[PDB]
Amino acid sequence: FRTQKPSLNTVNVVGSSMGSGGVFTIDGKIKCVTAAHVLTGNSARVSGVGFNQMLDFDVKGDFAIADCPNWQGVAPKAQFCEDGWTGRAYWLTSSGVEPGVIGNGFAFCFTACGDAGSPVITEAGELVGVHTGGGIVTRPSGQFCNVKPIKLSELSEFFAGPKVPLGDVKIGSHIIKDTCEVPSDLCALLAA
């Protein structure tokens, strides 16, 4: 459940501890987002492809955002996702992009969520928050939702493809197996 390569806008973030982050163009400005607890006060060394620099961050709860105008790399356009948004989401971790879903008052990732500071973005490219603390997603307001197990039938709601028997596919403990029929794309993802 992880791409081979991290996205080009994924960064390492090192302050008082070890984290990662992401770079986006938000209201016309290039910003870096990460987890506030990894900073040395509000400062960290941020590094990625073609970039290595100290940044100072605006902190709200465990959410942190910095202007980074010297960033010359990939900085996809993003706005914060709409309040109440639910759907498929993506964790941008230092070792690759990992799928999951955001539902009402919870998140679920198919794998571990990366370092603290991993951006969580929606299927339309909007920023949900960053992974902190298996774990929590902290939104730009500093409020959070916990990563929780999910019923297999609920997870199905986020996937397409005709219903197929789940058959012998093994599913981890963070999926509550309450059905044995699932949309084909979810079956295929789980079996990969």
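One rule holds for the numbers: they count along the sequence shown, beginning at 1.
Would you class the number of unmodelled deposited residues between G133 and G134 as none, 1 to 3, 4 to 9, or 10 or more?
Unmodelled stretch: 4 to 9 residues.
Mean C-alpha B factor from the entry: is it higher for 140 to 148 or for 51 to 59?
Mean C-alpha B-factor is greater for 140 to 148.
Comparing 167 to 175 with 10 to 18, where is the mean C-alpha B-factor higher?
Comparing 167 to 175 with 10 to 18, the higher average CA B-factor belongs to 167 to 175.
Comparing recorded Cα B-factors across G73, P119, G105, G100, which one is largest?
When the deposited C-alpha B-factors of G73, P119, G105, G100 are compared, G105 is largest.
CA B-factor placement of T111, once the chain's modelled residues are sorted into thirds
Top third by C-alpha B-factor.
By its CA B factor, does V38 count among the lowest, middle or highest third of the modelled residues in the chain?
Middle third.
In terms of the chain's CA B-factor thirds, is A188 lowest, middle or highest?
Middle third by C-alpha B-factor.
Compare the C-alpha B factor of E126 with those of the other modelled residues in its chain, then answer lowest, middle or highest third.
It falls in the middle third of the chain.
Can you tell me which third, lowest, middle or highest, the CA B-factor of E157 falls into for its chain?
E157: CA B-factor falls in the lowest third of its chain.
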